[PDB]
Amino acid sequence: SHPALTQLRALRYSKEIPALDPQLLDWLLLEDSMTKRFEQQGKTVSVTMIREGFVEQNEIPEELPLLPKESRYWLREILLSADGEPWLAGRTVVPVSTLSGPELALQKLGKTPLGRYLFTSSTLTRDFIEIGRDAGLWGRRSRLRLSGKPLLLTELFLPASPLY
């Protein structure tokens, strides 16, 4: 798709959280998407849609080992901008079994940027977070649970983002 997503997918992720400045850790460990924290930088946050649709296991090689093995998944890749400047690339993989109740909205976000603020009646927990780095750029990979149901979220922080 877009080179930022190719880069994101190839980062070598692990559960090692490096000994970074506390503010950088706070950014990387946030238990939510970056949408509202990026807005708090005094910016309007928007989504550039790179790809969205139902896919088979063959299109989620990175996420499959981390999710239930089933027939279909919703795959969403975006670039997230702040006042029109790209700050992050995001790739979300949602097993179709997770699409129930309020979580059905995960396949209907369109250009609405993901965040806990969209799920006012759902608990959000994180099974684990992995961190990776490539060409000076930090990325992270999380298995999240919304009302107990899994989804995979991988994010790459682009050069203009506030982490740098």
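Don't overthink the numbering: it's just position in the shown sequence, from 1.
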Stretch with the greater mean C-alpha B-factor as recorded in the entry, comparing 14 to 22 against 152 to 160: 14 to 22
State which stretch shows the higher mean Cα B factor in the entry: 117 to 125 or 62 to 70. 117 to 125
Scanning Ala135, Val47, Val96, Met34 for peak Cα temperature factor in the entry gives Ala135
Which of these, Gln41, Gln57, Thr112, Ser100, has its C-alpha atom at the highest B-factor, as the entry lists it? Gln41
Using the B-factor values recorded in the entry, state whether the Cα atom of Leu30 falls in the lowest, middle or highest third among the modelled residues of its chain. middle
Ranking the modelled residues of this chain by C-alpha B-factor as given in the entry, is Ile131 in the lowest, middle or highest third? lowest
